[PDB]
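Trainee: Sequence below, structure please.
(one chain, ligands or ions: 3)
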Amino acid sequence: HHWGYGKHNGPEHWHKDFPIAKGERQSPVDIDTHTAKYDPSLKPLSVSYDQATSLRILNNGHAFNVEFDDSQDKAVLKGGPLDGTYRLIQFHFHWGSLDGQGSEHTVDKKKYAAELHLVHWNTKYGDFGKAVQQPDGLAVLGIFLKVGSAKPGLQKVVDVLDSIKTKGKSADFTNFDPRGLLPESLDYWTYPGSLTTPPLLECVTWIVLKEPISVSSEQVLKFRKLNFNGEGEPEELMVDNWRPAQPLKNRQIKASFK
Ligand SMILES: CNS(=O)(=O)c1c(F)c(F)c(SCCN)c(F)c1F
Ligand code: NA
Ligand SMILES: [Zn+2]
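Mentor: Residues are numbered from 1 along each chain as shown. Ligands and ions are numbered 1, 2, ... in the order given. The protein structure is shown below:
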């Protein structure tokens, strides 16, 4: 009876195994755009993904994860609110059963169809496993997805999903360029938070881009053909794999713009 995204094991139950679920800096949150403080001291975000090297793709029963070779100083996030340099390790998405829900963060209560998380670890802690034990260990770049015109840079992902339909399946997935997942503008909101899945560690500086990417109805319909279950178990479609907004508590969300 492990954690998941149903009635008996979903977000409202996670606190029993992971009591930090009711902590002071949990994610995601609603971003109240009026309340967010413009911070002129914030820097432009530096995203340097030209040398990113992807390794594979896995359905872990919770999402699909595209994992990168992070053993050299390649694909790095820096600037913005960050001190030092954070190296890309993986990305994944959260999405809904319908286009009107799926994102983790919300913007003035608006839910997007999905949300992409690019996960990076602070190089000062040597690898991801040590970084998650630190308050400034991770930087996650979050990008909203709305449904409209296709995202041509997503299609290579979408077309491999058929090979990783069920929990535990993986594939080789090389030469995927995550620059094709970025919107035009790097304007962002930032605040201190957590992983959005167990173990819910409070290790993340969140950087959430204001401009969403557009993906097509057909692209998100293929996300919703994945399964939570393993091969040969009753089919439960992988949909609604998002945590709802959590209390903001002490925190201030800062804006890089306006
Ligand atoms: C914020 N979204 S999340 O679901 O909590 C999440 C993941 F799914 C991840 F896969 C990772 S990286 C896991 C391999 N290094 C992560 F840091 C992470 F934060
Ligand atoms: Na840069
Ligand atoms: Zn995530």
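Trainee: Kindly report the residues of the stretch 151-258 of the chain close to ligand 1.
Mentor: 195, 196, 197 (C-beta under 6 Å from any ligand atom). Quick note: C-beta positions are derived from backbone N, CA and C, even for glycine.
Trainee: How about stretch 22-37, which residues are buried there?
Mentor: 23, 25, 26, 27, 28, 29, 30, 31, 36 (16 or more other C-beta atoms under 10 Å).
Trainee: which of the residues of the stretch 151-258 of the chain next to ligand 1 tops the neighbour count?
Mentor: With neighbours set by other C-beta atoms under 10 Å, the maximum within these is found at residue 196, which has 24 neighbours.
Trainee: Phi, psi for it please.
Mentor: phi -100, psi 0 (degrees, to the nearest 10).
Trainee: Spit out the contact partners of residue 137.
Mentor: 121, 122, 125, 130, 131, 203, 204 (C-beta atoms under 8 Å, 6 or more residues apart in numbering).
Trainee: And these, which two are furthest apart?
Mentor: The distance between the two most remote of the contacts of residue 137 (C-beta to C-beta) is 14.8 Å, for 130 and 204.
Trainee: okay, these two: which has more neighbours?
Mentor: residue 204 (25 against 13).
Trainee: For that one, list the residues it contacts.
Mentor: By C-beta under 8 Å, 6+ apart, the neighbours of residue 204 are 27, 137, 138, 139, 140, 192, 193, 194, 195.
Trainee: Please flag which of these sit within helices.
Mentor: Among those, the subset assigned to helices under DSSP state H is empty.
Trainee: List just the nearest of these to residue 48.
Mentor: Distance to residue 48 across the contacts of residue 204 (C-beta to C-beta) is lowest for residue 139, with 13.0 Å.
Trainee: Name the residue closest to the centre of this protein, please.
Mentor: residue 117 (2.0 Å; C-alpha atoms, centre = their mean).
Trainee: Tell me which helix or strand that residue sits in.
Mentor: strand 114-122 (DSSP states H and E).
Trainee: With ligand 1 in mind, check whether that strand reaches it.
Mentor: Yes. Residues of strand 114-122 are located near ligand 1 by C-beta under 6 Å from any ligand atom, namely 117, 119.
Trainee: Pull the contacting residues for the residue of the chain found nearest ligand 1.
Mentor: Nearest residue of the chain to ligand 1 (C-beta to the nearest ligand atom) works out as residue 195 at 3.5 Å. By C-beta under 8 Å, 6+ apart, residue 195 lies in contact with 27, 132, 138, 201, 203, 204.
Trainee: Of those residues, which pair is most distant in space?
Mentor: Pairwise across the contacts of residue 195, and taking C-beta to C-beta, the largest span is found between 27 and 132, at 13.6 Å.
Trainee: The residue of the chain most remote from its centre and residue 87: what is the separation?
Mentor: The outermost residue of the chain relative to its centre, with distances by C-alpha atoms, centre = their mean, is residue 232 at 28.6 Å. Distance, residue 232 to residue 87, using C-beta to C-beta, to the nearest Å: 37 Å.
Trainee: for residue 231, same thing?
Mentor: 33 Å.
Trainee: Spit out the contact partners of the residue nearest to the centre of the chain.
Mentor: By C-beta under 8 Å, 6+ apart, the neighbours of residue 117 are 91, 92, 93, 94, 140, 141, 142, 196.
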